[PDB]
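Pasting coords_12.cif here (mmCIF, C-alpha atoms):
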```cif
data_run
loop_
_atom_site.label_atom_id
_atom_site.label_comp_id
_atom_site.auth_asym_id
_atom_site.auth_seq_id
_atom_site.Cartn_x
_atom_site.Cartn_y
_atom_site.Cartn_z
CA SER A 1 137.32 93.56 82.26
CA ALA A 2 138.93 96.65 80.70
CA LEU A 3 137.42 96.11 77.23
CA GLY A 4 133.77 96.45 78.15
CA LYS A 5 132.12 97.59 74.92
CA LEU A 6 133.63 94.87 72.71
CA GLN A 7 132.78 92.15 75.24
CA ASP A 8 129.25 93.56 75.53
CA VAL A 9 128.80 93.49 71.75
CA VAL A 10 130.10 89.91 71.58
CA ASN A 11 127.78 88.85 74.41
CA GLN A 12 124.82 90.54 72.72
CA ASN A 13 125.55 88.72 69.45
CA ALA A 14 125.92 85.41 71.30
CA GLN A 15 122.64 85.97 73.15
CA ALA A 16 120.88 86.83 69.88
CA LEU A 17 122.19 83.64 68.25
CA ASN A 18 121.20 81.58 71.29
CA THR A 19 117.69 83.04 71.31
CA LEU A 20 117.38 82.32 67.59
CA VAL A 21 118.46 78.71 68.16
CA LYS A 22 115.99 78.38 71.05
CA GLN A 23 113.16 79.79 68.92
CA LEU A 24 114.13 77.23 66.27
CA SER A 25 113.30 74.51 68.82
CA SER A 26 109.91 76.07 69.65
CA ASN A 27 106.49 74.59 68.94
CA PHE A 28 104.59 77.80 68.05
CA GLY A 29 101.36 75.97 68.83
CA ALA A 30 101.94 72.76 66.87
CA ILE A 31 102.29 69.03 67.55
CA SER A 32 106.11 69.09 67.47
CA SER A 33 109.05 71.39 66.73
CA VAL A 34 110.60 69.14 64.05
CA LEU A 35 109.43 68.78 60.46
CA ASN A 36 110.70 65.31 59.51
CA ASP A 37 108.77 63.53 62.28
CA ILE A 38 105.65 65.53 61.38
CA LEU A 39 106.00 64.49 57.73
CA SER A 40 106.55 60.85 58.72
CA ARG A 41 103.60 60.74 61.14
CA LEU A 42 100.94 62.88 59.44
CA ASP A 43 99.97 63.12 55.77
CA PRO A 44 100.60 66.32 53.77
CA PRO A 45 96.89 67.21 53.46
CA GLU A 46 96.49 67.27 57.25
CA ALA A 47 100.06 68.27 58.18
CA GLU A 48 99.97 71.34 55.91
CA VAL A 49 98.38 73.39 58.71
CA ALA B 1 83.30 46.10 79.22
CA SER B 2 81.08 49.16 79.48
CA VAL B 3 82.15 52.81 79.45
CA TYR B 4 82.18 53.21 83.25
CA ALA B 5 84.67 50.32 83.61
CA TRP B 6 86.63 50.60 80.37
CA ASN B 7 89.56 48.19 80.29
CA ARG B 8 93.15 49.22 79.60
CA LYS B 9 95.72 46.83 78.11
CA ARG B 10 99.34 48.03 78.20
CA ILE B 11 100.59 46.37 75.03
CA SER B 12 104.37 46.29 74.63
CA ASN B 13 106.94 44.22 72.73
CA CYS B 14 104.53 44.21 69.80
CA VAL B 15 104.92 44.14 66.02
CA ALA B 16 102.08 46.25 64.62
CA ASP B 17 100.92 46.22 60.99
CA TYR B 18 97.97 48.63 60.98
CA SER B 19 97.55 48.21 57.21
CA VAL B 20 95.45 45.08 57.75
CA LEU B 21 93.21 46.98 60.19
CA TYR B 22 92.63 50.04 58.00
CA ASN B 23 92.11 47.89 54.88
CA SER B 24 89.37 45.63 56.22
CA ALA B 25 86.06 47.11 54.95
CA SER B 26 84.55 46.49 58.39
CA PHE B 27 85.36 49.63 60.38
CA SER B 28 82.67 52.25 59.78
CA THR B 29 84.41 55.31 61.26
CA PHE B 30 88.21 55.58 61.27
CA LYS B 31 88.70 59.12 62.54
CA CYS B 32 92.46 58.87 63.08
CA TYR B 33 93.58 61.94 65.05
CA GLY B 34 97.14 62.88 65.94
CA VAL B 35 98.68 60.52 63.38
CA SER B 36 97.69 59.89 59.78
CA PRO B 37 95.64 56.75 59.00
CA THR B 38 98.23 55.83 56.35
CA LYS B 39 102.03 56.09 56.49
CA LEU B 40 101.82 54.47 59.94
CA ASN B 41 104.15 51.50 59.38
CA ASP B 42 107.10 53.94 59.25
CA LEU B 43 106.73 54.70 62.98
CA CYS B 44 107.94 52.92 66.12
CA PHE B 45 105.94 53.73 69.25
CA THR B 46 107.26 53.59 72.80
CA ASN B 47 104.17 52.03 74.42
CA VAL B 48 100.56 51.73 73.28
CA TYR B 49 97.26 51.28 75.11
CA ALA B 50 94.01 49.61 74.03
#
```

Structure rendered as structure tokens:
Amino acid sequence: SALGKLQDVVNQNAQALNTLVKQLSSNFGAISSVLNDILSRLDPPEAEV
Amino acid sequence: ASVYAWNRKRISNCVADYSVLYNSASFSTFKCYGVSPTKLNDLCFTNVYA
């Protein structure tokens, strides 16, 4: 664990990417977190919201 | 049955074509929440209830 700053930067970047991926799989107050299933289930006029 | 003793039928292993139900000119109100009234044949539900 001699190289602390480089490992810390790499871990911070990895955590940022992981949080971005997790937020990608979030609902944000919707029916689902995927768009294809929403388009297949609902119609555009009601799925636009 | 009435509303206090509403029945519940766990329908499974079913082949559903809801196009004949929506296009019947008999149903007055078809408020179809959660899923669109059309584009329903392109789905495959796990288990339904009536």

For chain B against chain A, which residues fall within 9 Å using only C-alpha atoms, given as a list in words?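 Here they are: residues 34, 35, 36, 37, 38, 39, 40, 42 and 43 of chain B.
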
Just say which residues the PyMOL selection byres ((chain B and resi 15) around 12) picks in this file, as an MDAnalysis selection string. chainID B and resid 11:14 16:18 41 43:48

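Put simply, CA of residue 21 in chain B is 18.1 Å away from CA of residue 9 in chain B.
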
Report, in Å to a single decimal, how far apart CA of residue 13 in chain A and CA of residue 32 in chain A are.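 Between CA of residue 32 in chain A and CA of residue 13 in chain A the gap works out to 27.7 Å.
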
For range 26-42 of chain B, take all atoms listed in the file, fit an axis-aligned box around them, add 6 Å to each of the six sides, then output centre and edge lengths in Å rounded to one decimal, as lines of an AutoDock Vina configuration file.
```
center_x = 94.9
center_y = 54.7
center_z = 61.1
size_x = 36.4
size_y = 28.4
size_z = 21.6
```

Rounded to one decimal place, report the CA of residue 33 in chain A-CA of residue 21 in chain A distance in Å.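 Between CA of residue 33 in chain A and CA of residue 21 in chain A the gap works out to 12.0 Å.
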
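With all atoms listed in the file taken into account, the protein and nucleic acid residues at most 12 Å from range 3-7 of chain B (excluding it and anything under 2 positions from it in its own chain) are residues 1, 9, 10, 49 and 50 of chain B.
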
Write the residues you've just listed into a file as a PDB file, in the frame of the given file, and include C-alpha atoms for each of them.
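Written output follows (part_18.pdb):
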```pdb
ATOM      1  CA  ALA B   1      83.300  46.100  79.220  1.00  0.00           C
ATOM      2  CA  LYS B   9      95.720  46.830  78.110  1.00  0.00           C
ATOM      3  CA  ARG B  10      99.340  48.030  78.200  1.00  0.00           C
ATOM      4  CA  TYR B  49      97.260  51.280  75.110  1.00  0.00           C
ATOM      5  CA  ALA B  50      94.010  49.610  74.030  1.00  0.00           C
TER       6      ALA B  50
END
```
